[PDB]
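Participant: Sharing a structure, written as structure tokens. Questions coming.
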Amino acid sequence: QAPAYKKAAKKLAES
């Protein structure tokens with residue numbers, strides 16, 4: 001499994 005989209009969403013909320 002690889003939640004790549006989850007990591008992208010966390011960056012758009014912080015950065």
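Residues are named by chain letter and number: chains run A, B, ... in the order of the structure tokens, numbers start at 1 in each chain, and ligands are numbered from 1 in the order shown.
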Would you list, as a list in words, the residues of chain A that end up in helix (DSSP H, G or I) under DSSP run on this structure's backbone?
Facilitator: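 Written out, the helix (DSSP H, G or I) residues of chain A are residues 4, 5, 6, 7, 8, 9, 10, 11, 12, 13 and 14 of chain A.
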Participant: Those residues you just picked out, can you put them in a file as an mmCIF file, in the first residue's frame with N, CA and C atoms?
Facilitator:
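Dumped to again28.cif:
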```cif
data_model
loop_
_atom_site.group_PDB
_atom_site.id
_atom_site.type_symbol
_atom_site.label_atom_id
_atom_site.label_comp_id
_atom_site.auth_asym_id
_atom_site.auth_seq_id
_atom_site.Cartn_x
_atom_site.Cartn_y
_atom_site.Cartn_z
ATOM 1 N N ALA A 4 0.261 7.852 -1.283
ATOM 2 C CA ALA A 4 0.973 9.036 -1.862
ATOM 3 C C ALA A 4 0.049 10.259 -1.874
ATOM 4 N N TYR A 5 -1.193 10.076 -2.260
ATOM 5 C CA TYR A 5 -2.153 11.225 -2.287
ATOM 6 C C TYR A 5 -2.350 11.781 -0.868
ATOM 7 N N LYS A 6 -2.277 10.937 0.135
ATOM 8 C CA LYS A 6 -2.437 11.421 1.540
ATOM 9 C C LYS A 6 -1.266 12.344 1.893
ATOM 10 N N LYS A 7 -0.072 11.986 1.479
ATOM 11 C CA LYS A 7 1.117 12.845 1.764
ATOM 12 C C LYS A 7 0.994 14.167 0.995
ATOM 13 N N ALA A 8 0.458 14.124 -0.205
ATOM 14 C CA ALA A 8 0.293 15.377 -1.005
ATOM 15 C C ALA A 8 -0.722 16.302 -0.319
ATOM 16 N N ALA A 9 -1.783 15.742 0.214
ATOM 17 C CA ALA A 9 -2.812 16.575 0.911
ATOM 18 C C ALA A 9 -2.211 17.214 2.171
ATOM 19 N N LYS A 10 -1.385 16.484 2.887
ATOM 20 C CA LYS A 10 -0.754 17.048 4.124
ATOM 21 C C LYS A 10 0.180 18.210 3.765
ATOM 22 N N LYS A 11 0.816 18.138 2.624
ATOM 23 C CA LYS A 11 1.737 19.236 2.197
ATOM 24 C C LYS A 11 0.925 20.454 1.738
ATOM 25 N N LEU A 12 -0.194 20.231 1.089
ATOM 26 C CA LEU A 12 -1.039 21.376 0.621
ATOM 27 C C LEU A 12 -1.687 22.096 1.816
ATOM 28 N N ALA A 13 -1.874 21.408 2.918
ATOM 29 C CA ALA A 13 -2.498 22.053 4.114
ATOM 30 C C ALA A 13 -1.438 22.805 4.933
ATOM 31 N N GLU A 14 -0.230 22.298 4.977
ATOM 32 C CA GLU A 14 0.847 22.981 5.759
ATOM 33 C C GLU A 14 1.611 23.968 4.865
#
```
